[PDB]
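Just so it is clear, the values below take in all heavy atoms, side chains as well, and ignore hydrogens, waters and symmetry mates. The chain is numbered in sequence order, starting from 1.
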Amino acid sequence: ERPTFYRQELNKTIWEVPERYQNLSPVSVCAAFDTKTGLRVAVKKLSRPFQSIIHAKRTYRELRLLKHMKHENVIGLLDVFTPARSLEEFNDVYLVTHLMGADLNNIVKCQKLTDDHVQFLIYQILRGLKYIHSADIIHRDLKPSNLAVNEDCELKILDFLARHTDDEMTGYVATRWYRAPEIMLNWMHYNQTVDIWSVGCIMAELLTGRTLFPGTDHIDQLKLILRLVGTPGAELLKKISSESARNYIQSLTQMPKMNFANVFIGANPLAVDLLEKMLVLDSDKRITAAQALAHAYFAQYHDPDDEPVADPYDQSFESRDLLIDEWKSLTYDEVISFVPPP
Ligand SMILES: C[C@@H](CS(C)(=O)=O)Nc1n[nH]c2nc(Oc3ccc(F)cc3F)ncc12
C-alpha cells in the first residue's frame, strides 16, 4: 500500500517523501536516514524531469539504468517514489541510493597511494566495469569524482547520462582529462574500451598522485597523450572514420611509444604492464575489464567465481522516438513496478 508522505522545503524546493526518510539535509540531493533499513541514504529529486522530449527520455534512461544495476561496486537503487497517486498527477521523481562518504579525489588529494591500495581500488573499478560492460552499458565519463569510497576503501561507481556540454569540456578541466582520445575528438564510433582508457588514467594518477594527461585544451591533451603512447600507425588511421580528424593527426610529427617503466619510476612492474595494456591508442587492442581482472597485478584479489556479470539490459528505447507523455508513462510504469532489494 501507499506510504504516508510529508512535505518540507529545503533547496527552496518542496520535498514530499515517505515518513520512513528522516533528517533530510541538502548535500538537488539530500542526505537522509532511512528508518526502515537503518541506512544513511542520498535522496535525489529530479528537476523538471518531463519538460521536454530530451529531458523526459533522460529521466527514463536514468531510472532504467539505476533499476538494472545490482552489483557491490556499482551504485544501486534502494528506492524510487513519487507523491502522485496516478499517471495524471505524476510530475516528480525521487531516487534513493546509499549515502557514500567521499569520492576518489578526496583520497588521492595530490598524494601517492600504496601499491596495495591501488590494487584494491582498481580491482573494484574493473569488477564493476566487467558487470556494467557485460550488460552492454558504457559509462562514458569515468573519473575520480564519479567513484565513491567508504572508510574501508570499498568502492562504488556513480553517475553513468546527462553528458557534459562543449563549454564544460573546454580548457584545463578534469571533465576531459580521463576521456579516451577517440571520444574526445570524435574519431569514430566508440566502444566499451573508452572506459578502460579512463581506468588507466585513474590508475596512473593513484600511482603518482598526479593527473596523467592534464591538457589545457583538447589539442594540448592529445599531444600529451601521443607523447606517451606514440602517434597512431597506419592501421589505426584507417579506423578514424572522420576524414578531417585523420588529416590533422597525420600533420603531427611521428613519435614512438615511451618506456612506461621510465615514466612510472618505482612503480610495481605489474602495474606498469597493466598500464601499457589499458593505455593503447587503438581501442580494438585495449585490454577489457574481464581480461584485466585476470592480470597478475590483481593476484591477491582475483576470484573468477566472485566477479559476476549482469542480466541482459534491453536498451532498444534509445533508438525510439516518442512524445513527452509517452516517455512519462514509461517512467511511471518503472516507478510503480519497482521492487526493493533484500
Ligand atoms: C554526497 C555525495 C558525495 S560524493 C560520494 O559524490 O563525493 N555522496 C553520495 N552518496 N550517494 C549519492 N547519490 C547522489 O545522487 C544520486 C544518484 C542516484 C540515486 F538513486 C540517488 C542519488 F541521490 N549524489 C551524491 C551521493
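- Not counting sequence neighbours, the partners of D314 by the side chain to side chain contact (heavy atoms under 4.5 Å, CB included) test are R64, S316.
- Using a 4.0 Å cut-off between charged side-chain N and carboxylate O, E182 and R286 make a salt bridge.
- Ring geometry for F260 against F264 counts as tilted: the plane angle lies between 30° and 60°, on a 0 to 90° scale.
- Side-chain contact of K156 with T97: a donor-acceptor pair under 3.5 Å is absent, judged by distance alone.
- Between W15 and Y6, the ring centre distance reaches or exceeds 6.0 Å.
- Using a distance-only test at 3.5 Å, with no hydrogens or angles considered, no donor-acceptor pair links the side chain of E307 to the main chain of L293.
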Could you give the side-chain donor-acceptor pairs of residues 88-95 under 3.5 Å, partners two or more places apart or in another chain?
| unit_1 | atom_1 | unit_2 | atom_2 | d |
| --- | --- | --- | --- | --- |
| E89 | OE1 | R85 | N | 3.4 |
| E89 | OE2 | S86 | OG | 3.4 |
| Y94 | OH | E16 | N | 3.0 |

Tabulate below the donor-acceptor pairs under 3.5 Å that side-chain atoms of residues 115-122 make, not counting sequence neighbours, or state none.
| unit_1 | atom_1 | unit_2 | atom_2 | d |
| --- | --- | --- | --- | --- |
| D115 | OD1 | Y297 | OH | 2.8 |
| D115 | OD2 | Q119 | NE2 | 3.2 |
| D115 | OD2 | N268 | ND2 | 2.8 |
| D116 | OD1 | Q300 | NE2 | 2.8 |
| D116 | OD1 | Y301 | OH | 3.0 |
| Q119 | OE1 | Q300 | NE2 | 2.9 |

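- With sequence neighbours left out, the side chain to side chain contact (heavy atoms under 4.5 Å, CB included) criterion links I183 to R179, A180, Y190, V194.
- Atom CZ of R40 has 12 or fewer neighbouring heavy atoms from other residues, nucleotides or ligands inside a 6.0 Å radius.
- Evaluation of the side chain to side chain contact (heavy atoms under 4.5 Å, CB included) rule for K112 yields no partner, not counting sequence neighbours.
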Which pairs of donor and acceptor atoms, one on a side chain in residues 228-240, lie under 3.5 Å apart (sequence neighbours left out)?
| unit_1 | atom_1 | unit_2 | atom_2 | d |
| --- | --- | --- | --- | --- |
| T231 | OG1 | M255 | N | 3.1 |
| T231 | OG1 | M255 | O | 3.4 |
| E235 | OE2 | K285 | NZ | 2.7 |
| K239 | NZ | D282 | OD1 | 3.2 |
| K239 | NZ | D282 | OD2 | 2.7 |
| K239 | NZ | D284 | OD2 | 2.6 |

